[PDB]
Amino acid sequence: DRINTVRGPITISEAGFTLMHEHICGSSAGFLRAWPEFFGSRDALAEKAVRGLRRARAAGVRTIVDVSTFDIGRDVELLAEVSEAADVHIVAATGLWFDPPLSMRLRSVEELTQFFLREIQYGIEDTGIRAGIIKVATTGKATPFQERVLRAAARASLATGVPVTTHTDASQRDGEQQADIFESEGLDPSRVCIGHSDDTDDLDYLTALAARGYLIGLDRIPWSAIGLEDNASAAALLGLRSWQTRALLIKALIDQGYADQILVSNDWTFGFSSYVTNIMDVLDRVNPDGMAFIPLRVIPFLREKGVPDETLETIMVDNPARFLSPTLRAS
């Protein structure tokens, strides 16, 4: 039983403490190769990511899942470089986020399924590195193309057992329509994580998804512009709900009996060209711990609020292993 990482297959027990929704860089296809000076240089970005992953590993992280797709500018060779230098496993993704180019947008469900299967079963580009998760997105009601993408992701998952993870506009309850589409293709909800679910306080929405068997991605816990209310860019990106408000949704779903369905992350990054210039200065001021925020701050905060150690181990170790290890079911 094995999970594909950017340095090859690992056994389930090697994943350890896992961050299920992270990025080395949030960019666009071809952008890092065409304009590396945007990031200072490719080597500056790699070095920044290695320092950050090493601090995360010191705090207990063993694996991240980089849910950057083709259209997030995923560079699997960069991921393999930083994975080896930090001694942190990195799982890469296939799928499409919400910035696909025309060459993707004009494709049918069947064509997209071929593409996703290429990246899971054969490899990414000419690297032979295989994805271990499928990432998809909506930002409100699905576009016609996004519906095709979710259907293709379901077909790819149904052939390979690799799971699907999503970007939502949680405030618009996108996970409802996502689930509908996935289920119409026969996908088991145990193979799906409805992500950015901590962006909403709506427990009716969150428990309706969890009750039908979805995994719930509380993956933006450090996202907050509190203290920076006069930076419009920062507020628009991060919102004005506190990291504590977000982290308490982890406790809320535990208290409702869904501990085995929660996945927790930071949705952090080391470079970010798909937003305003100099946004990394803001992010690194907001959350200097970066990807170590979950182990260093959230885990202690939940213990202090009464969540048992055994439960926190289930969430950070066992749930990612069960979710990632390929299957048409995971329970």
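A residue's number is simply how far along the shown sequence it sits, counting from 1.
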property	result
Average Cα temperature factor in the PDB entry - higher stretch of 8-16, 315-323	8-16
Which of 241-249 and 112-120 has higher mean CA B factor, as the PDB entry lists it	241-249
Selection by C-alpha B-factor (highest) of 262, 34, 29, 282	282
Residue 56 CA temperature factor, ranked by third within the chain	highest
Entry-reported Cα temperature factor of residue 87, expressed as the chain third it lands in	highest
Record-listed C-alpha B factor of residue 272: chain third	middle
Residue 79 - which third its CA temperature factor falls in, relative to the rest of the chain	middle
Chain thirds of CA B-factor: placement of residue 213	middle
